[PDB]
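Undergrad: Dropping the structure in here first, questions after.
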Amino acid sequence: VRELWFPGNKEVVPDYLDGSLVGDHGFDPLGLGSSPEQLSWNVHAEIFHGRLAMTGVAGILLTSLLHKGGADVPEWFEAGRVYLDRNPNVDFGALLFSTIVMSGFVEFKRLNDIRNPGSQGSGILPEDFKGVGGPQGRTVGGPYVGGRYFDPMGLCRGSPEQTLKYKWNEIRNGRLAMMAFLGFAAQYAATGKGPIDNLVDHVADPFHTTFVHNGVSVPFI
Amino acid sequence: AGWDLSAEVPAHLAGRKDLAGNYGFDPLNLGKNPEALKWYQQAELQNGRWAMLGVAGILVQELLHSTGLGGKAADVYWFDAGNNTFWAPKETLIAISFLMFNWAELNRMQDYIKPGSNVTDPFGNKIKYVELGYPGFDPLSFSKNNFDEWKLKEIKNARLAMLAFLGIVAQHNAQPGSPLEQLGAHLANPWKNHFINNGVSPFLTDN
Amino acid sequence: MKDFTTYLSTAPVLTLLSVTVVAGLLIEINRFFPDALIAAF
Amino acid sequence: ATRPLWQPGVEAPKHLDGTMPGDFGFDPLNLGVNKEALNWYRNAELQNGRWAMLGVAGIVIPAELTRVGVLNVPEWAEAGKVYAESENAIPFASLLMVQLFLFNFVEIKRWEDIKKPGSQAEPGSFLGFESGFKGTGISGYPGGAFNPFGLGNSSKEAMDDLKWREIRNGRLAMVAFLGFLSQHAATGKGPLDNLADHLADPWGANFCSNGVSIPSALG
Amino acid sequence: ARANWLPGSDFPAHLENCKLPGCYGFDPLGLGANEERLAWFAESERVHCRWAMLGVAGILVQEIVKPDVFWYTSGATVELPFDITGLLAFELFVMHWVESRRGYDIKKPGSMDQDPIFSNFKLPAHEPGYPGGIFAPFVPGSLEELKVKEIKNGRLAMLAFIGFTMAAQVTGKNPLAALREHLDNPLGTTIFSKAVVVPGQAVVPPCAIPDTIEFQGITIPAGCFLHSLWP
Ligand code: CLA
Ligand code: CLA
Ligand code: CLA
Ligand SMILES: CC1=C[C@H](O)CC(C)(C)[C@H]1/C=C/C(C)=C/C=C/C(C)=C/C=C/C=C(C)/C=C/C=C(C)/C=C/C1=C(C)C[C@H](O)CC1(C)C
Ligand SMILES: CC1=C[C@H](O)CC(C)(C)[C@H]1/C=C/C(C)=C/C=C/C(C)=C/C=C/C=C(C)/C=C/C=C(C)/C=C/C1=C(C)C[C@H](O)CC1(C)C
Ligand SMILES: CC1=C[C@H](O)CC(C)(C)[C@H]1/C=C/C(C)=C/C=C/C(C)=C/C=C/C=C(C)/C=C/C=C(C)/C=C/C1=C(C)C[C@H](O)CC1(C)C
């Protein structure tokens, strides 16, 4: 049918990972989303992780490019202490609690959308926050939210194949950015420098600058 | 719709044409409840009339302060009006104000809860009554012709004067001097002297 | 994972995880608030 | 059933229909599953909200008047000791006992009204004053001698609007008094002092800097 | 076939038989797939065209009459006859008025063609985004090809303004000064000449506009758009 995560091989999990979800290639060897409710929850988690990692990786890349350009911009792994030193009037608990509260408001909005896909498009929010559905066949709520506010340019209203192409773009870029953030953390742990620093160090010297030469991955060379 | 083109009147301001200055302006919909709207219309009339009286007093007394007509009574700032000795001290003036305004405002509220029930005095004399907040206190009679236009003029002046007194208190708590002095100091340049160049209004500038 | 979560909901797994989290909570309470002989407010 | 709720997305519990004033469907602990217990909790909410409104008024209006140079009222937390040092001060135990005796007399009558709503209105109770305790059929809303101005007794929905205003104001003042207690317990300053300090530097002056909320042992 | 942004290719879906002027089958990302979004983007394109035309013409004429002044820093060093805060407030008020009127026309056409002052004066019924009447006194021929001329000049002027600000950021001088710098040395004044990245070294032209400029006591972080990503 579709291109699988391991070509050939027809033991791909039973027909809950059929070729319907965006990004579906039959990759669930551990069965972590076997039940349909867990599958929907994990689709929400995957889309959210992809979008969050995409935002985070874009921010990390831009702050690392600005750091190499001489700007007064810290690296991603030390921006918290740099912000606290530059701004001593801010309490750490203050900023943390404010982040918790504001993030919690929108996350409870998303949570009550997960519980009831149609319950967030009324009340204080307008009908644009109803959602458009997609996963598991429903046409309301879910990770994909239409409207003129979360799709203000309207690039998935009209032309359904354009919507499918853009959804595939989003899921592939999100998975790539999740692996990118994993690589960022591993490179910071094994080298102690930024991502762009590692990239230009490897581009300047292709050899003797691989992962085996940092002394952390291979722990004796 | 009148207050904002390409906007729709909030339903309960559409069918009731008999409101002075009904321009459809109720975006927060305070008076959707008809009794709440009646209360807010009475509050309109009261606040507007007291604000017209107050702003006229401020402007006239500050004009007499800037030009010079009255003696030491009129040669004080409006916010420093209590420095004069006058004829009575503070306490008895406030007390008699409480008493007679209790009398008049309870007459007005008794009219409010039952329109036309309180128009007769113990002396036996009687007056005509119309509408609710318009008790026919018209001696020289300008109400016999186009009363809607006169009411519209009154409500426009009332809204202008409520805005005026809000401006008076905001200017006084922002910039020193009389409001006429503030208008003149504005008119001095006027490209620099305005509400941004205060250091007490925008807060983003000048800390 | 319905059967796996049902196994996790079985009485021994739940009681071991519950005594584990309760013991860990008490241990970290004594780690941050040691030698609390009385409830002095 | 379509009224706004405490969580747009979470349906109201089946014991909170919408009739009670201020029913936003908020009962995650399900404390009011019993109807008679629900009525008792409604009366307790009314009493706590009214006493908190009176207390928060008597805290924040004298403190504000002291801030602007009127009357000069001391801090609410130390106002008990300020009076107790007077030359003609009633002793604490005697004053408490007098207050408790009067409140015993009043609120045993209120309690008997809570049980049967037409309790105290029977003839021959007082000395002609029993007519003022008829009640409005709902306990906690007596009327009669109470409510002299007769606000809301005109259209029924006018009284329901005032009931919702009362319950929201009572809840706000209860939260406010809890805030006053917790703010003075942590910081030895008044509520207006805490507010003024927060506007000086909100990122620096808050509950994460008093040293009492977040324990110092963790950090 | 017809005029196309890429000859031999076809139009997409939303652009089949365009009614908007200057339609050449573009939109690779499909931004105008939606209906009302296409009209909103058409209005934003028209006002962008006209504003960038005004900007490029203003920069050019300001340089012809005053070659010694630098347009990028002209907002800070021009010696205003009036104070700037009141001037900015006046602009904010009047432009809020006129842009609110234009935007609500785009929301609904038959809603505000009327003078709020005089009842007799009122714009005639017109297609959205093209007022006319008092706004269009003199028309050299038919309206359609002149609309195409207007929109094409507007695209050219938006590209011109982006080239203007990039010449100002890279060379530190005027775009006609940058022109006369390019003509006498065509092989050397190109960005390919002064900016090459190779896997091992990146050559970036230095920024000329100062990062921080002082203006009436305050400082404005008017650096150079953003560095780092410069080729
Ligand atoms: C936490 C992020 C996240 C989440 C929630 C999901 C969730 C999902 N993925 Mg996805 N995926 C991700 C990241 C994620 N993915 C990344 C980064 C890649 C690129 C490598 C992919 C590539 C991928 C493919 C190709 C496919 C899926 C598919 C699926 C769906 C079915 C699989 C499943 O049910 O297992 C649930 C998954 C989890 C519960 C998260 C696993 C986390 C484990 C428990 C931790 C260990 C993993 C970690 C990498 C080890 C290192 C950790 C630490 C030592 C640093 C499901 C909704 C299949 C699908 O049908 O698409 C709809 C499918 O075809 N994913
Ligand atoms: C700058 C502080 C200040 C404030 C807040 C007040 C406030 C007040 N003064 Mg006073 N006064 C002041 C300074 C001040 N004064 C000074 C500096 C002097 C001279 C030295 C005087 C001399 C003076 C005199 C002689 C008299 C007053 C009187 C009054 C009362 C007006 C009567 C009324 O409101 O009707 C009655 C009020 C009600 C029926 C309802 C209570 C009010 C509630 C809250 C509703 C009102 C809404 C509220 C005003 C709007 C919100 C606030 C708004 C400004 C944003 C009023 C409460 C008059 C008075 O005592 O009453 C007759 C009076 O005669 N003042
Ligand atoms: C912000 C200015 C702007 C806006 C709002 C529009 C809007 C529109 N253009 Mg247009 N265009 C512009 C600038 C603009 N254009 C410029 C400067 C050029 C010259 C290169 C062109 C050349 C052009 C052609 C040839 C055609 C259009 C067409 C259209 C219409 C359909 C395309 C569409 O639906 O996507 C809407 C477009 C946007 C919403 C703009 C989004 C801007 C993104 C978010 C920023 C990215 C900038 C990008 C990387 C370039 C950097 C700028 C600079 C370095 C060059 C549409 C109403 C087609 C048409 O049918 O005509 C009516 C068509 O044939 N345009
Ligand atoms: C409509 C609406 C609806 C929607 O929905 C929403 C919203 C928006 C909210 C709205 C709006 C509102 C508003 C604006 C309001 C305002 C009001 C006012 C201002 C009042 C005043 C009001 C005001 C007033 C009364 C005033 C008065 C005054 C007076 C008496 C004065 C007096 C005096 C004098 C003479 C002199 C001396 O020496 C001093 C004194 C003593 C000082
Ligand atoms: C709803 C629910 C249900 C679900 O299911 C569950 C849960 C969650 C549990 C819940 C919640 C709850 C809550 C929130 C509670 C709270 C309460 C309060 C706070 C009260 C207070 C309450 C409060 C109160 C009464 C108060 C009162 C006060 C007073 C009188 C005061 C007095 C005073 C004054 C004037 C001043 C002076 O100098 C002092 C004194 C003498 C001190
Ligand atoms: C089409 C499409 C579709 C697809 O699908 C996607 C894509 C591709 C993305 C797209 C797009 C593309 C593009 C190219 C865009 C662009 C635009 C622009 C450039 C705008 C500007 C625009 C521009 C503009 C307005 C400008 C303006 C300017 C101005 C006013 C100036 C002014 C001035 C002057 C006079 C001088 C003085 O001393 C100063 C100043 C103040 C400086």
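Residue names in the structure tokens use chain letters A, B, ... in the order shown, residue numbers from 1 in each chain, and ligand numbers from 1 in the order shown.
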Hey, which residues come within 10 Å of ligand 2 if we count only C-alpha atoms and all ligand atoms? Could you give them as a count of residues only?
TA: 28
Undergrad: Counting only C-alpha atoms and all ligand atoms, which residues in chain E sit no more than 10 Å from ligand 3? For each one, give the nearest pair of atoms and the distance in Å, sorted by chain then residue number, as a Markdown table.
TA:
| residue | atom | partner | partner_atom_place_in_ligand_line | distance |
| --- | --- | --- | --- | --- |
| E:3 | CA | ligand 3 | 64 (O) | 9.2 |
| E:4 | CA | ligand 3 | 64 (O) | 7.4 |
| E:5 | CA | ligand 3 | 25 (C) | 5.6 |
| E:6 | CA | ligand 3 | 25 (C) | 9.3 |
| E:11 | CA | ligand 3 | 64 (O) | 9.2 |
| E:12 | CA | ligand 3 | 60 (O) | 10.0 |
| E:14 | CA | ligand 3 | 34 (O) | 8.4 |
| E:15 | CA | ligand 3 | 60 (O) | 6.2 |
| E:16 | CA | ligand 3 | 60 (O) | 9.2 |
| E:17 | CA | ligand 3 | 60 (O) | 9.6 |
| E:18 | CA | ligand 3 | 60 (O) | 6.7 |
| E:19 | CA | ligand 3 | 62 (C) | 8.2 |
| E:20 | CA | ligand 3 | 62 (C) | 5.2 |
| E:21 | CA | ligand 3 | 62 (C) | 5.6 |
| E:22 | CA | ligand 3 | 61 (O) | 4.7 |
| E:23 | CA | ligand 3 | 60 (O) | 3.3 |
| E:24 | CA | ligand 3 | 64 (O) | 3.3 |
| E:25 | CA | ligand 3 | 64 (O) | 4.6 |
| E:26 | CA | ligand 3 | 63 (C) | 4.3 |
| E:27 | CA | ligand 3 | 32 (C) | 4.3 |
| E:28 | CA | ligand 3 | 32 (C) | 8.0 |
| E:29 | CA | ligand 3 | 35 (O) | 7.4 |
| E:30 | CA | ligand 3 | 34 (O) | 6.2 |
| E:31 | CA | ligand 3 | 35 (O) | 4.2 |
| E:32 | CA | ligand 3 | 34 (O) | 3.2 |
| E:33 | CA | ligand 3 | 34 (O) | 6.8 |
| E:34 | CA | ligand 3 | 34 (O) | 8.5 |
| E:35 | CA | ligand 3 | 34 (O) | 9.7 |
| E:37 | CA | ligand 3 | 34 (O) | 7.8 |
| E:38 | CA | ligand 3 | 57 (C) | 5.4 |
| E:39 | CA | ligand 3 | 57 (C) | 6.6 |
| E:40 | CA | ligand 3 | 57 (C) | 7.3 |
| E:41 | CA | ligand 3 | 57 (C) | 4.2 |
| E:42 | CA | ligand 3 | 57 (C) | 3.6 |
| E:43 | CA | ligand 3 | 57 (C) | 7.2 |
| E:44 | CA | ligand 3 | 5 (C) | 4.7 |
| E:45 | CA | ligand 3 | 5 (C) | 3.8 |
| E:46 | CA | ligand 3 | 5 (C) | 7.6 |
| E:47 | CA | ligand 3 | 5 (C) | 8.5 |
| E:48 | CA | ligand 3 | 2 (C) | 5.7 |
| E:49 | CA | ligand 3 | 2 (C) | 7.4 |
| E:52 | CA | ligand 3 | 17 (C) | 9.4 |
| E:148 | CA | ligand 3 | 62 (C) | 9.4 |
| E:151 | CA | ligand 3 | 62 (C) | 8.4 |
| E:152 | CA | ligand 3 | 22 (C) | 8.1 |
| E:153 | CA | ligand 3 | 19 (C) | 9.6 |
| E:154 | CA | ligand 3 | 17 (C) | 7.7 |
| E:155 | CA | ligand 3 | 19 (C) | 4.5 |
| E:156 | CA | ligand 3 | 19 (C) | 6.3 |
| E:157 | CA | ligand 3 | 17 (C) | 7.7 |
| E:158 | CA | ligand 3 | 17 (C) | 4.9 |
| E:159 | CA | ligand 3 | 17 (C) | 5.3 |
| E:160 | CA | ligand 3 | 17 (C) | 8.8 |
| E:161 | CA | ligand 3 | 53 (C) | 9.2 |
| E:162 | CA | ligand 3 | 53 (C) | 6.0 |
| E:163 | CA | ligand 3 | 54 (C) | 8.2 |
| E:166 | CA | ligand 3 | 54 (C) | 9.2 |
Undergrad: As a PyMOL selection string, please: every protein or nucleic acid residue near ligand 4 (cut-off 9 Å, counting only C-alpha atoms and all ligand atoms).
TA: chain B and resi 25-31+44+46-59+61+76-82+159-167+169
Undergrad: For range 136-147 of chain A, list every protein, DNA or RNA residue within 10 Å, evaluated using only C-alpha atoms, and leave out those in the same chain fewer than 5 positions away; present the list as a PDB file with C-alpha atoms, in the first residue's frame.
TA:
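Dumped everything to result.pdb:
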ATOM      1  CA  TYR A  16      -5.195   1.117  13.512  1.00  0.00           C
ATOM      2  CA  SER A  20      -4.972   7.314   6.906  1.00  0.00           C
ATOM      3  CA  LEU A  21      -3.033   9.363   9.463  1.00  0.00           C
ATOM      4  CA  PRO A  36      -7.519   3.804  19.641  1.00  0.00           C
ATOM      5  CA  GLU A  37      -7.814   6.282  22.527  1.00  0.00           C
ATOM      6  CA  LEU A  39      -3.526   6.367  19.419  1.00  0.00           C
ATOM      7  CA  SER A  40      -5.476   9.646  19.321  1.00  0.00           C
ATOM      8  CA  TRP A  41      -3.684  10.902  22.443  1.00  0.00           C
ATOM      9  CA  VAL A  43      -1.270  11.782  17.619  1.00  0.00           C
ATOM     10  CA  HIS A  44      -1.980  14.917  19.657  1.00  0.00           C
ATOM     11  CA  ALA A  45       1.323  14.444  21.501  1.00  0.00           C
ATOM     12  CA  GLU A  46       3.263  13.922  18.259  1.00  0.00           C
ATOM     13  CA  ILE A  47       1.825  17.007  16.556  1.00  0.00           C
ATOM     14  CA  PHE A  48       2.442  19.131  19.655  1.00  0.00           C
ATOM     15  CA  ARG A 110      -6.120  22.227  24.364  1.00  0.00           C
ATOM     16  CA  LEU A 111      -6.889  19.593  27.020  1.00  0.00           C
ATOM     17  CA  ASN A 112     -10.613  20.321  27.014  1.00  0.00           C
ATOM     18  CA  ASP A 113     -10.435  20.161  23.229  1.00  0.00           C
ATOM     19  CA  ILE A 114      -8.869  16.701  23.594  1.00  0.00           C
ATOM     20  CA  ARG A 115     -11.653  15.633  25.973  1.00  0.00           C
ATOM     21  CA  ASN A 116     -14.390  17.192  23.808  1.00  0.00           C
ATOM     22  CA  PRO A 117     -13.365  18.226  20.262  1.00  0.00           C
ATOM     23  CA  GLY A 118     -16.298  20.634  19.881  1.00  0.00           C
ATOM     24  CA  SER A 119     -16.372  22.293  23.302  1.00  0.00           C
ATOM     25  CA  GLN A 120     -13.744  25.013  22.747  1.00  0.00           C
ATOM     26  CA  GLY A 121     -15.358  26.773  19.778  1.00  0.00           C
ATOM     27  CA  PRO A 126     -15.395  32.200  18.732  1.00  0.00           C
ATOM     28  CA  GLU A 127     -16.402  29.472  16.297  1.00  0.00           C
ATOM     29  CA  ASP A 128     -12.944  29.539  14.666  1.00  0.00           C
ATOM     30  CA  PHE A 129     -11.550  27.644  17.673  1.00  0.00           C
ATOM     31  CA  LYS A 130     -13.905  24.713  17.042  1.00  0.00           C
ATOM     32  CA  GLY A 131     -11.238  22.823  15.103  1.00  0.00           C
ATOM     33  CA  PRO A 152      -4.860  33.363   9.253  1.00  0.00           C
ATOM     34  CA  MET A 153      -3.487  32.990   5.719  1.00  0.00           C
ATOM     35  CA  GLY A 154      -5.962  30.159   5.045  1.00  0.00           C
ATOM     36  CA  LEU A 155      -3.555  27.702   3.430  1.00  0.00           C
ATOM     37  CA  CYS A 156      -5.635  24.631   4.347  1.00  0.00           C
ATOM     38  CA  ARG A 157      -9.065  26.068   3.497  1.00  0.00           C
ATOM     39  CA  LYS A 167       0.187  18.364   6.663  1.00  0.00           C
TER      40      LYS A 167
END
Undergrad: Calculate how many Å separate atom 11 (C, counted along the ligand's line) of ligand 5 from CA of residue 211 in chain D, rounding to one decimal.
TA: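 Calculated distance between atom 11 (C, counted along the ligand's line) of ligand 5 and CA of residue 211 in chain D is 25.7 Å.
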Undergrad: Within 7 Å of ligand 5 (counting only C-alpha atoms and all ligand atoms), which residues show up? I'd like them as a ChimeraX atom specification.
TA: /D:26-31,48-49,51-52,54-59,75-80,174-175,177-178
Undergrad: Would you mind exporting the chosen residues as a CSV table (one decimal), in the first residue's frame, restricted to N, CA, C and O atoms?
TA:
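File produced: selection02.csv:
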chain,number,residue,atom,x,y,z
D,26,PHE,N,-19.1,24.0,39.6
D,26,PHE,CA,-17.8,23.8,40.2
D,26,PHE,C,-18.0,23.0,41.5
D,26,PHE,O,-18.4,23.5,42.5
D,27,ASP,N,-17.7,21.7,41.4
D,27,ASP,CA,-17.7,20.8,42.5
D,27,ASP,C,-16.8,19.5,42.2
D,27,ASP,O,-17.4,18.4,42.1
D,28,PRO,N,-15.5,19.7,42.0
D,28,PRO,CA,-14.7,18.5,41.7
D,28,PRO,C,-14.5,17.5,42.8
D,28,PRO,O,-14.2,16.4,42.5
D,29,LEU,N,-14.7,17.9,44.1
D,29,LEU,CA,-14.7,17.0,45.2
D,29,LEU,C,-16.0,16.3,45.5
D,29,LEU,O,-16.1,15.4,46.3
D,30,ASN,N,-17.1,16.8,44.8
D,30,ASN,CA,-18.4,16.2,45.0
D,30,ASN,C,-18.9,16.3,46.4
D,30,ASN,O,-19.4,15.3,47.0
D,31,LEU,N,-18.7,17.4,47.1
D,31,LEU,CA,-19.0,17.6,48.5
D,31,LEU,C,-20.6,17.7,48.6
D,31,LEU,O,-21.1,17.4,49.7
D,48,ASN,N,-20.4,32.7,55.1
D,48,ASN,CA,-19.0,33.0,55.0
D,48,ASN,C,-18.8,34.1,54.0
D,48,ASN,O,-17.9,35.0,54.3
D,49,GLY,N,-19.5,34.2,52.9
D,49,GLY,CA,-19.3,35.3,52.0
D,49,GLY,C,-19.7,36.6,52.5
D,49,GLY,O,-19.1,37.6,52.3
D,51,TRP,N,-19.9,37.5,55.8
D,51,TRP,CA,-18.9,37.9,56.8
D,51,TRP,C,-17.6,38.3,56.2
D,51,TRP,O,-17.0,39.2,56.7
D,52,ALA,N,-17.2,37.6,55.2
D,52,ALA,CA,-15.9,38.0,54.5
D,52,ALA,C,-16.1,39.4,53.8
D,52,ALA,O,-15.1,40.1,53.8
D,54,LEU,N,-18.1,41.9,54.8
D,54,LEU,CA,-18.0,42.8,55.9
D,54,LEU,C,-16.6,43.0,56.4
D,54,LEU,O,-16.1,44.1,56.6
D,55,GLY,N,-15.8,41.9,56.6
D,55,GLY,CA,-14.5,42.0,57.1
D,55,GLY,C,-13.5,42.6,56.1
D,55,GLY,O,-12.7,43.4,56.5
D,56,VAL,N,-13.6,42.3,54.8
D,56,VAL,CA,-12.7,42.8,53.8
D,56,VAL,C,-13.0,44.3,53.6
D,56,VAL,O,-12.1,45.1,53.4
D,57,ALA,N,-14.3,44.7,53.7
D,57,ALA,CA,-14.6,46.1,53.7
D,57,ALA,C,-14.0,46.8,54.9
D,57,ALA,O,-13.3,47.8,54.7
D,58,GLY,N,-14.2,46.3,56.1
D,58,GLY,CA,-13.6,46.9,57.3
D,58,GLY,C,-12.1,46.8,57.3
D,58,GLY,O,-11.5,47.4,58.2
D,59,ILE,N,-11.4,46.0,56.4
D,59,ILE,CA,-10.0,46.0,56.3
D,59,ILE,C,-9.5,47.1,55.3
D,59,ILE,O,-8.7,47.9,55.5
D,75,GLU,N,-3.2,49.0,61.4
D,75,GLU,CA,-3.3,47.8,60.6
D,75,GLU,C,-4.3,46.8,61.2
D,75,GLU,O,-4.5,46.8,62.4
D,76,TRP,N,-5.0,46.1,60.3
D,76,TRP,CA,-6.1,45.2,60.7
D,76,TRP,C,-5.6,44.1,61.6
D,76,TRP,O,-6.3,43.6,62.5
D,77,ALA,N,-4.4,43.6,61.3
D,77,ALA,CA,-3.9,42.5,62.1
D,77,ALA,C,-3.5,42.9,63.5
D,77,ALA,O,-3.7,42.1,64.4
D,78,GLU,N,-3.1,44.1,63.7
D,78,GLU,CA,-2.7,44.6,65.1
D,78,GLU,C,-3.8,45.5,65.7
D,78,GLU,O,-3.6,46.0,66.8
D,79,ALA,N,-5.0,45.6,65.0
D,79,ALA,CA,-6.1,46.5,65.6
D,79,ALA,C,-6.6,45.9,66.8
D,79,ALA,O,-7.2,46.7,67.6
D,80,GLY,N,-6.5,44.6,67.0
D,80,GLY,CA,-7.0,44.0,68.3
D,80,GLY,C,-6.1,44.4,69.5
D,80,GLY,O,-6.6,44.8,70.6
D,174,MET,N,-14.1,36.5,50.0
D,174,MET,CA,-13.6,35.3,50.7
D,174,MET,C,-12.1,35.1,50.2
D,174,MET,O,-11.2,34.9,51.1
D,175,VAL,N,-12.0,35.1,48.9
D,175,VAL,CA,-10.6,34.9,48.4
D,175,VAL,C,-9.7,36.1,48.8
D,175,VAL,O,-8.5,35.9,49.1
D,177,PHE,N,-10.0,37.8,51.6
D,177,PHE,CA,-9.6,37.7,53.0
D,177,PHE,C,-8.6,36.6,53.2
D,177,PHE,O,-7.7,36.7,54.1
D,178,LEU,N,-8.7,35.5,52.5
D,178,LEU,CA,-7.6,34.5,52.5
D,178,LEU,C,-6.3,35.1,52.0
D,178,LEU,O,-5.2,34.8,52.6
